[PDB]
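*Asks:* generate coordinates for the sequence data below:
(chains A, B, C and D)
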Amino acid sequence: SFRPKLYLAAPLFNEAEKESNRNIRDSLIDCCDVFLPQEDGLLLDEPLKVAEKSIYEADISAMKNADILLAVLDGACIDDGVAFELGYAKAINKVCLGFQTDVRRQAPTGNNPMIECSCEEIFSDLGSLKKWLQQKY
Amino acid sequence: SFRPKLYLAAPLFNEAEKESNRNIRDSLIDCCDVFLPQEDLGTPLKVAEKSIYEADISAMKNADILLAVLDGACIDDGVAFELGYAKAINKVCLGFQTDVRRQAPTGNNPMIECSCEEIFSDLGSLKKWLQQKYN
Amino acid sequence: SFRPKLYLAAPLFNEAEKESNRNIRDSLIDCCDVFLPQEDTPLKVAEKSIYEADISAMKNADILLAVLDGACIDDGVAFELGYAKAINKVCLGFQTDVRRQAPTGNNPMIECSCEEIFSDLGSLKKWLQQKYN
Amino acid sequence: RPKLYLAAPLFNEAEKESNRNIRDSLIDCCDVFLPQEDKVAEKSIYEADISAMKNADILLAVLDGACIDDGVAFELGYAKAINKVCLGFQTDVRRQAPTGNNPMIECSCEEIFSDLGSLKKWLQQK
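*Replies:* Residues are numbered from 1 along each chain as shown, chains lettered A, B, ... in the order given. Take a look at the structure below.
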């Protein structure tokens, strides 16, 4: 089969966000290995600058290990952790994709140019994401 | 060595932000060559975004220093992208922040907080700090 | 004395937000009767219609429940909170987000504007019964 | 000489300087209350902003920002409810949705102004 490695970059600050990341992960598991930052032992609010540093390095690793970075763009604004991770993964030449069901945008003209142009594709639904993934490989 | 290469990652969406960024540039233009995205119709959207994007990537590759202005209701997603991109290609990443606001009561998101070598709250200290690093 | 009328002021911009609102409403439908704005032609006329619909629905409400979660507190939620407080409804917040405005918590207009802010649907419904009897 | 309440974010010195640019701009037409100039610490902050909002004729809410500020929006709503003339000032090219501002904001503001020259001129008629 070959199971590509996927890193889900996504806000994880309330249970709706965390339940929604699980949904995306369960939808991809028959395709791809999925790293989920919220399930990777280290979560902040549960040692301040050492927890921060531990979270940071664990995320950098997981990004380096992945083939794909899926960035969840939903929210009143695009989360800054997600944007940073999107730019880092682009610069080390990962395949970069966006997931966006939200009606809100940065400006009437859509997402920021650095988000819109770094994602090869931005998807509004999981099925299109899954078919696009299978044709890419 | 020459004058160091500062790229200014900053929100530029109203006239306050644009003036704020000109103020930052004018104070550094003794230390560093400064790239301001806002200064450096009949345009189809997709090729517009591409050219703005490509030029910023190219400027970022050509910088020694990325300075990320972290102020605002949210940290700008353009700024946060540029920080991650610059950090992955091993630039010097600094933050500038004057807002009282944060993501959570624990501070900035750890990716922003741990990727900036330092975050400054006043230009004088930032400028002097760069001066010590490069003599 | 019948069932109290409750207005759910919440962001409704994606299916996760819309589902989460439905879950708040379902949890409360034994206590109270819940107006759900997501459950209730040019755009200049569509705005004032939603506006008037919502305004009228807050005026006929007893309780305003404002969910504060998000990268920012939604501006509509914030508008509805202040509009409901000025006409003397009971104003309550619901907040599961670990995020705040400052490292000192919510904006004080929000913090003192709400009479209490809950993190469980459990504790909130208990407060209301022990309030009304 | 109406009394005017500036609903404005005030969390960095760019925002605060920008506020005083608005208020100094209009101090020939109207009196302006600036919240940045004028447990229990938050309660006092609360009690004073509402009583100042009460004494105002006009609420002008600056909408610029990556979000419309919740404090500003709270006061916009409060001010509309007790029947002030509510207006907006928006220079930011950002919007909530690609269809403009939230309908609670757009329709509670009688007019949304792009520059102070227009705002200045509109209050001449009122």
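*Asks:* centre of the chain versus stretch A:42-62, how much separation?
*Replies:* Relative to its chain's centre, stretch A:42-62 lies at 17 Å (C-alpha atoms, centre = their mean, to the nearest Å).
*Asks:* mind listing what's buried along it?
*Replies:* Buried residues in stretch A:42-62, defined by neighbour count with 16 or more other C-beta atoms under 10 Å in any protein chain shown: A:42, A:44, A:51, A:52, A:54, A:55, A:56, A:58, A:59, A:60, A:62. C-betas here are computed from N, CA, C, even on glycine.
*Asks:* list the contacts for the second one?
*Replies:* Residues near residue A:44 by C-beta atoms under 8 Å, 6 or more residues apart in numbering or on different chains: A:51, A:52, A:55, B:104, B:106, B:110, C:98.
*Asks:* quick one: the helices in chain A?
*Replies:* According to DSSP state H, chain A carries its helices in the segments A:15-28, A:48-65, A:80-91, A:113-116, A:126-136.
*Asks:* which of the ones you listed sits most buried?
*Replies:* helix A:80-91 (a mean of 27; mean count of other C-beta atoms under 10 Å in any protein chain shown).
*Asks:* about what we covered before: looking at the helices of chain A, which is closest to chain D?
*Replies:* Closest approach to chain D among the helices of chain A (C-beta to the nearest C-beta): helix A:80-91, 10.5 Å.
*Asks:* just the residues contacting that closest one, thanks.
*Replies:* A:7, A:9-11, A:59-60, A:63, A:66, A:69, A:71-73, A:96, A:114-115, A:118-119, B:74-75, B:77-89, B:103, B:108-112, B:115.
*Asks:* and the angle for that helix with helix A:48-65?
*Replies:* Interaxial angle of helix A:80-91 relative to helix A:48-65 (axes from the mean of the first three to the mean of the last three C-alpha atoms, to 10 degrees): 40 degrees.
*Asks:* would you mind naming what in chain A lies close to chain D?
*Replies:* A:76, A:77, A:103, A:104, A:105, A:106, A:107, A:108, A:109, A:110 (C-beta under 8 Å from any C-beta of the partner chain).
*Asks:* touching, the first one and residue A:103? I think so.
*Replies:* By that I understand residue A:76. No - assessed by C-beta atoms under 8 Å, residue A:76 is found out of contact with residue A:103, at 11.4 Å.
*Asks:* between those two, who's got more neighbours?
*Replies:* For the pair residue A:76 and residue A:103, the greater number of neighbours falls to residue A:76 (22 against 13), based on other C-beta atoms under 10 Å in any protein chain shown.
*Asks:* can you tell me which residues in chain A are near chain B?
*Replies:* A:13, A:44-45, A:48, A:51-53, A:55-56, A:59, A:76-92, A:106-107, A:109-118.
*Asks:* residues from chain A in reach of chain C?
*Replies:* Going by C-beta under 8 Å from any C-beta, the residues of chain A near chain C are A:11, A:13-17, A:19-20, A:44-45, A:74-77, A:79, A:101-104.
*Asks:* make it 7 Å
*Replies:* A:13-16, A:20, A:45, A:74-77, A:79, A:101-104 (C-beta under 7 Å from any C-beta of the partner chain).
*Asks:* chain D versus residue A:100, what's the distance?
*Replies:* 12 Å (C-beta to the nearest C-beta, to the nearest Å).
*Asks:* quick check on that residue: phi, psi?
*Replies:* phi -150, psi 100 (degrees, to the nearest 10).
*Asks:* number of nearby residues for the nearest residue to it once chain neighbours are set aside?
*Replies:* Spatial nearest neighbour of residue A:100, chain neighbours left out: residue A:73 (4.1 Å); criterion: C-beta to C-beta, 6 or more residues apart in numbering or on different chains. Residue A:73: 28 surrounding residues under other C-beta under 10 Å.
*Asks:* wait, isn't residue A:73 in contact with residue A:101?
*Replies:* No - the pair residue A:73 / residue A:101 is not scored as a contact, 8.8 Å apart, by C-beta atoms under 7 Å.
*Asks:* nothing else from me, thank you.
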